[PDB]
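# Sequence, then structure. It's an experimental one.
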Amino acid sequence: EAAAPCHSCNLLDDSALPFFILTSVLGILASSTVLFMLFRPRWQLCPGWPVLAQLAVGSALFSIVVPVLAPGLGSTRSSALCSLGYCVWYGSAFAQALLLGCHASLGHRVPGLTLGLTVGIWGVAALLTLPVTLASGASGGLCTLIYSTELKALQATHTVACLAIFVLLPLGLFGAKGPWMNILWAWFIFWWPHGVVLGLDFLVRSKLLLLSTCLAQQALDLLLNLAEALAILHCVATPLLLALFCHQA
Amino acid sequence: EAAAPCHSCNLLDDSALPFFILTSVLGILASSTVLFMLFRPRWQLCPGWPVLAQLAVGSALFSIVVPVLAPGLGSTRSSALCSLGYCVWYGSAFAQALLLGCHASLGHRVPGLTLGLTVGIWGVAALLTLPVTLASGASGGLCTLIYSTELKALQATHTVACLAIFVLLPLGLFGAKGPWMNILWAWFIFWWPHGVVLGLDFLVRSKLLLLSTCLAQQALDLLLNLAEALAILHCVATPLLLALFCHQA
Amino acid sequence: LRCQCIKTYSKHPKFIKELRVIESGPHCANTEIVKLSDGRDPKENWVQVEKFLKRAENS
Amino acid sequence: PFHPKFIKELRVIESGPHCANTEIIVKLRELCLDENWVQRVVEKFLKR
Amino acid sequence: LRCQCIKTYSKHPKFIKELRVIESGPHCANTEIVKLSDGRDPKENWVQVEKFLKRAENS
Amino acid sequence: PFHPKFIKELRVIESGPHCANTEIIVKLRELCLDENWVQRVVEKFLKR
């Protein structure tokens, strides 16, 4: 009458290339297109142009790395390979979030205003991905984030940083009470599900939440995999949005 | 009786290529050699190998940038050109210093121990060069650091950071009271004159020092230019030291 | 993702056939599935498996 | 005889009709097991 | 590097021929050279230049 | 007639024997100067 079986690998187990490798290749193609179009100039008139160019370069790196962490590729993946993949993945995510933020605060607004801003933004993006690359690995052959008491502090830091920058940073901007069009808010619309689901999974793993039935666990895994897919689609998503931004001025 | 004529542009005005462009080209050649020898492998057995590889890559960037900021090249240099040159120059200096310090603290000592350490070290190096690239420019056609009341705070932050990482960081390590051979201390031997002379010029320009005669000003300018030359020679200096480090294990 | 069987329930010992061993894990954050006869914890008295192993103690 | 340390997961199946032998599954290379060294690991590994 | 003439001292007005104007600068950090007859500040009475400009006031 | 703003340094030389004119040097393009617009900048630029 009271049994406790259930298990899931939802919607992303072995379908593989039909959704990720094809997506990764198409993303690297689109990102190289929108990157080499700026390097081969109407297309040199972007206000704050190198911020957007780096927003495209981050998508290019994400597209290049998607197959590294994607399922369906070669098994026995080195822990260093998954660590590097997660590092560049979440670093590109952080940098695109963080450059978006500075551009949203310094849109209309010294020679170093372009290089200083971009060097500070990566540096802080590269620092914010310290926990995820430190708390990373591939147990059993699949890229997996490390969530255990052995790495409890690093995982806690990683999840609070991801939550802040992905759902509290846009919500924090939402507390601003006009020059608030933000036609690039679709990026944080893409990334907020991932942040909130990461926070919910952090609460559930720490056993500090109210998951009452196995339906809760099934929905948690389903939303986890859905968030992974919707985040991975950003690599092909961004270049069209950057073309829109270039054509919006 | 009481006259104050006194001026200098010492030992580096227009001799140019005999000292810098030849040095820059030879440095880029040596750095590409020691970089493209590790990428073409006894040369894959370096303990903490990617830290040293990045120490060579920083020298390669410094060699590539030396002619940008060197005198004798094309005049009417864009303020952005000098800002970028100073950015990468002092960033490579900071990154090499930070990698050397971290290697001196984590020599004998997770998959992310290589990528996490290197990503944190650049990020902090890229953050430490924020003041110098922000307080930079080319007034009159020559790459010049900005030291005035208009940029007083940025220059103050820049000089305290440079002083710390260049003379107080090695002095701070000198307070450690054996695994302390540090056959790469010649790098900080190279860079300490620059830091102390920068601190002295900070004191002299802001006028909290005891410079008595035009001998003091003449020696200050002479030591300034000598420090610039001795710092610029690091680009050709490091690769031989890295070969020594590879052959010392 | 993570270990499972988080519905640990206090109530047959003679209707046990299948089980698995998963205690820790890189993503596992709990302590733990068992199948009944028809198909359906070290702290427990009779559960703490060892005796069931003795029912197959040839190996 | 091989390393007994990096074995992660274990399982046991009672010898029912279809199972002619008491099949126990250990996965980290998941190979079925039905010796002097066969039982030399079991107790410590279960404790490990 | 930086402006010069930091040996400002008390003291001919009729033995002035050459001068230059440099007040601020990206590296200039004090306030300021003048040549005598044989070759050697707005607050000062006779130094505050303008009168010497009136000695060449055609331009 | 041109921009009077981006002139940085100034100088003046008294018309002694080798100097047939009172040469004043302004450098930011350093060109010698010996008009209605010649004196239109001087006082403000000295104040600037």
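Nice, thanks for sending it over. Numbering: from 1, shown residues only, chains lettered A, B, ... in the order given.

# Please enumerate the strands of chain A.
A:136-139, A:142-145 (DSSP state E).

# Tell me which of these sits most buried.
Among those, strand A:136-139 has the highest mean neighbour count (mean count of other C-beta atoms under 10 Å in any protein chain shown), at a mean of 22. Every residue, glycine included, has its C-beta placed from N, CA and C.

# so what strands line up beside that one?
Here strand A:136-139 has these sheet partners by DSSP bridges: strand A:142-145 (antiparallel).

# Check the offset of the partner strand from the chain's centre.
Taking the mean C-alpha point of strand A:142-145 and that of its whole chain, the gap between them comes to 15 Å (C-alpha atoms, centre = their mean, to the nearest Å).

# So residue A:207 sits against residue C:31, correct?
No: in this structure, residue A:207 is not within contact of residue C:31 by C-beta atoms under 8 Å, at 10.6 Å.

# which one of the two has more residues nearby?
Taking neighbours as other C-beta atoms under 10 Å in any protein chain shown, residue A:207 and residue C:31 compare with residue C:31 leading, 14 against 10.

# How about that one: what's its closest non-neighbour residue?
Counting by C-beta to C-beta, 6 or more residues apart in numbering or on different chains, residue C:23 is the residue found nearest to residue C:31 once chain neighbours are left out, at 6.4 Å.

# again with residue A:53
Using C-beta to C-beta, 6+ apart, the closest residue to residue A:53 is residue A:38 (5.6 Å).

# Contact partners for the spatially closest residue to residue A:97 that is not a sequence neighbour?
Among residues not flanking residue A:97 along the chain, residue A:165 sits closest, at 5.1 Å (C-beta to C-beta, 6+ apart). Under the criterion of C-beta atoms under 8 Å, 6 or more residues apart in numbering or on different chains, the contact partners of residue A:165 comprise A:94, A:97, A:98, A:128, A:195.

# How many neighbouring residues does the third one have?
It stands for residue A:98. The number of residues packed around residue A:98, counting by other C-beta under 10 Å, is 19.

# Verify the stated contact: it with residue A:121.
Yes: A contact is recorded between residue A:98 and residue A:121 when judged using C-beta under 8 Å, the distance being 5.1 Å.

# secondary structure element for residue C:19?
Secondary structure assigned from DSSP states H and E places residue C:19 in strand C:18-21.

# List the contacts of residue 24.
Chain wasn't specified; assuming chain A. Shown in contact with residue A:24 (C-beta under 8 Å, 6+ apart): A:63, A:64, A:66, A:67, A:70, A:235.

# nope, chain C please
Remark: with contacts taken as C-beta under 8 Å, 6+ apart, residue C:24 is in contact with residue A:148.

# Where does it sit: helix, strand or coil?
coil (DSSP: H, G, I helix; E, B strand; the rest coil).

# Up against chain A, what does chain C have?
Applying C-beta under 8 Å from any C-beta of the partner chain, one finds that chain C approaches chain A through C:1-2, C:4-9, C:11, C:24-30, C:33, C:35-36, C:40.

# Need the residues touching each of residue A:98 and residue A:121.
Residues touching both residue A:98 and residue A:121 do not exist when contact is defined as C-beta under 8 Å, 6+ apart.

# And for residue 36, the neighbour number?
Going with chain A. For residue A:36, the neighbour count with other C-beta under 10 Å is 9.

# Chain C, not that one
Quick note: residue C:36 (other C-beta under 10 Å) scores 12 neighbours.

# my guess is it meets residue C:13, correct?
No: shown here, residue C:36 and residue C:13 do not form a contact pair, counting by C-beta under 8 Å, at 10.9 Å.

# rewinding a little: can you give me the distance of the residue nearest to residue A:97 to residue A:101?
Separation of residue A:165 from residue A:101 (C-beta to C-beta, to the nearest Å): 8 Å.

# now swap in residue A:67 and tell me
Distance of residue A:67 to residue A:101, given as C-beta to C-beta: 29 Å.

# The two: which is more packed in?
When neighbours are counted by other C-beta under 10 Å, residue A:67 and residue A:101 differ, and residue A:67 comes out ahead with 20 against 17.

# What lies in contact with stretch A:80-97?
Residues outside stretch A:80-97 that contact it (C-beta under 8 Å, 6+ apart): A:54-55, A:58-59, A:61-62, A:65-66, A:68-69, A:121-122, A:125-126, A:128-129, A:132-133, A:136-138, A:143-145, A:162, A:165-166, A:169, A:187-188, A:191, A:231, A:234, A:238, B:111-112, B:114-116, B:119.

# Can you identify each of the helices in chain A by residue range?
With DSSP state H, the ranges of helices along chain A come out as A:21-36, A:49-69, A:79-105, A:112-128, A:130-134, A:152-163, A:169-174, A:185-205, A:214-232, A:234-248.

# So which bits of the second one are buried?
Just to be clear, that refers to helix A:49-69. Burial within helix A:49-69, assessed by neighbour count using 16 or more other C-beta atoms under 10 Å in any protein chain shown, is assigned to A:51-69.

# same thing with the first one?
Residues of helix A:21-36 classed as buried by neighbour count (16+ other C-beta under 10 Å): A:23, A:24, A:25, A:27, A:28, A:30, A:31, A:34, A:35.

# Give me the nearest residue to the last one, chain neighbours excluded.
By that I understand residue A:35. In this structure, residue A:35 finds its nearest non-sequential neighbour in residue A:56, 5.3 Å apart by C-beta to C-beta, 6+ apart.

# thinking the one you found is in contact with residue A:34, fair?
Yes: if you go by C-beta under 8 Å, residue A:56 and residue A:34 touch, sitting 5.1 Å apart.

# Which neighbours do these two have in common?
Between them, residue A:56 and residue A:34 share these contacting residues under C-beta under 8 Å, 6+ apart: A:239, A:242.

# gap between the residue nearest to residue A:53 and residue D:15?
When C-beta to C-beta is applied, the distance between residue A:38 and residue D:15 equals 69 Å.

# Next, give phi and psi for the residue in chain A that chain F sits nearest to.
Here the residue of chain A nearest chain F is residue A:111; by C-beta to the nearest C-beta that distance is 16.0 Å. Summarising the backbone geometry of residue A:111 under the convention degrees, to the nearest 10, its torsions are phi -60, psi -30.

# and the residue in chain C positioned nearest to chain E, how many residues sit next to it?
With distances taken as C-beta to the nearest C-beta, chain C approaches chain E most closely at residue C:26, which sits 55.5 Å away. The number of residues packed near residue C:26 is 19, by other C-beta under 10 Å.

# Contacts only, for it.
A:137, A:139, A:144, A:146, A:147, A:148.

# closest to chain E among the residues you listed?
Nearest to chain E, judged by C-beta to the nearest C-beta, of those is residue A:146 at 50.2 Å.

# Hmm, the closest one is touching residue A:153, no?
No: using C-beta under 8 Å, residue A:146 is not in contact with residue A:153; the gap is 11.2 Å.

# the more surrounded of these two?
In terms of neighbours (other C-beta under 10 Å), residue A:146 is the more surrounded of residue A:146 and residue A:153; the figures are 23 against 12.

# For that one, which residues are in contact?
Contacts for residue A:146 were tallied using C-beta under 8 Å, 6+ apart; they are A:135, A:136, A:137, A:154, A:155, C:26, C:27.

# if I pick the last one, what's in contact with it?
So that's residue C:27. For residue C:27, the contact set (C-beta under 8 Å, 6+ apart) comprises A:139, A:144, A:145, A:146, A:147, A:148, A:205, C:1, C:2, C:3.

# What strand or helix carries it?
Counting by DSSP H and E, residue C:27 is part of no helix or strand.
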